[PDB]
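Single chain ahead, by itself, as structure tokens, in the form deposited in one PDB entry.
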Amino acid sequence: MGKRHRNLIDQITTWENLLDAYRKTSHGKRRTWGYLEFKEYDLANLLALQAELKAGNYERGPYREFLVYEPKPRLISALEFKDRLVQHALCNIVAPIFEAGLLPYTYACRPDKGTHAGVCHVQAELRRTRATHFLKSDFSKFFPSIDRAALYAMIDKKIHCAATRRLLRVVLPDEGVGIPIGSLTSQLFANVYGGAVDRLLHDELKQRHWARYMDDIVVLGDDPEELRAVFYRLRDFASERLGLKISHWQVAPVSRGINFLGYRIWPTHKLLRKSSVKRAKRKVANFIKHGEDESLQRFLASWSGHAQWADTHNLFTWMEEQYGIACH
């Protein structure tokens, strides 16, 4: 937008923004000690926060770091509500000046692009192009390997406001190698960072059929030797430039199915992943033999959304035949 971006801390601390940040920070969290301790004197709190940020005396409280295994062994660092609000107030001004440079085909944490617009992009870009092959790659330990330093050489060709820059650097120090997972600020800066590899695919490398979702990057081809090149070029880039090791890669013919984003996406069908099925099958079965066949309708409705995309007609018939419950 003329480039520049040189006065964002004025908009970040506009009361009308911090109130948006407040409502965004509290959205869903309204039964938490953080909201409820803040809610007390909410607008006096935001007036001391507005004026901490507007002074340059905001200092991020320490990340309360727990970890869950139920999704996957994580390393979830939470923040205090004040801190998530500062993050939300940054990421209301700063996010849309990054997420606008994000090439179309990055599907992660950006409004109006999701998991599901990605699988669809992929299928679609699989149907058109009549892709014969495809490179799927993935970044080793992505967030725990993001430079926090060549990140701030991207958070810094765009922020240009030397105070947003210093708030960005409070909320996320400019030294180390680990963007914290469980920060709004960090979902953004990881898309941005992995945006660098999108701009070594689409820009350099002239790859026009790809999709990246945060750390996973599908790259449909037609010559499997070219896609192997692309991959070597991507890995060399993301290793030398971004300090990202590529954990798994493959260059499969489109036939193995692209295990992308929870689905297995052939041109034609889009089976979901067996894990999902088995988890669901088991979840249902459990719910039945727990007498919890009413929260199962909630779960079922949920999983009927995750699977309305997938070609889960047969499987929905099958689950209706096994337990009777109204899947779709």
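One-based numbering along the sequence shown.
One more form of this protein should be noted, the form deposited in another entry, which is absent from this view; the next part is about it.
Chemist: Treating the chain as rigid parts that move against each other between the shown form and the other one, which of 144, 172, 273, 304 sits at a hinge?
Modeler: My reading of the hinge gives 273.
Chemist: Residue 121 to residue 303, Cα distance in that other deposited form relative to here: closer or farther, by 3 Å or more?
Modeler: So the answer is farther.
Chemist: Against the shown form, C-alpha atoms of residue 212 and residue 309 in that other deposited form: closer or farther, for a change of 3 Å or more?
Modeler: Compared with the form shown here, the C-alpha atoms of residue 212 and residue 309 sit closer together in that other deposited form, by 3 Å or more.
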